[PDB]
Amino acid sequence: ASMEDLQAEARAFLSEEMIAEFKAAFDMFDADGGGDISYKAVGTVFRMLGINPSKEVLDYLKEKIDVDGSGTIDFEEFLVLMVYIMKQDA
């Protein structure tokens with residue numbers, strides 16, 4: 001599904017500790033320093049946390065989030081992306 005479907009469900013698909021875990025990588029990559037990181041930054045969050053996305057997801061996330069984003073990607077979108085991976089991954 002698209003971000004529109006995944007946005008609310010994402011936080012429910014994962015456990016609270018997963019959300020808290022991912023927040024660590026988001027916090028360091030916060031480019032605006034407020035709730036917003038770079039689009040490629042979230043893609044890198046995967047690597048640093050041992051998550052391996054498909055080659056298409058890397059570019060996918062950037063453009064999909066860019067439509068709703070304002071030059072950056074929100075914490076929600078960053079969280080949603082993880083979930084999108086967890087679905088395709090294994």
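Values in this text are rule-based calculations from the coordinates and carry no lab data. No Cβ is skipped: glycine too gets one built from the backbone with ideal geometry, and neighbour counts run over all protein chains shown.
Here are some notes:
- Charge tally for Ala10 (other residues, Cβ to Cβ under 12 Å; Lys, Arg +1; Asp, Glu -1): -4.
- If the chain linking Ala8 and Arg47 were pulled fully straight, counting 0.36 nm for each residue of separation and taking away their Cα-Cα distance, it would gain 11.7 nm.
- Charge tally around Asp27: other residues with Cβ under 13 Å, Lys/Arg +1 each, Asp/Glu -1 each, net -3.
- Helix-only CD estimate at 222 nm, as mean residue ellipticity for the chain, using -39500 (n - 2.57) per DSSP H run (n ≥ 4): -21500 deg cm²/dmol
- Extending 7 Å from the Cα toward the beta-carbon at both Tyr60 and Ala24 defines two label points whose distance is 2.6 nm.
- All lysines inside 18 Å of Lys64 as judged from Cα atoms, apart from same-chain residues fewer than 8 positions distant: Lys40, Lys55, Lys87
- Least to most buried among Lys55, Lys62 (fewest other Cβ within 10 Å first): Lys55, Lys62
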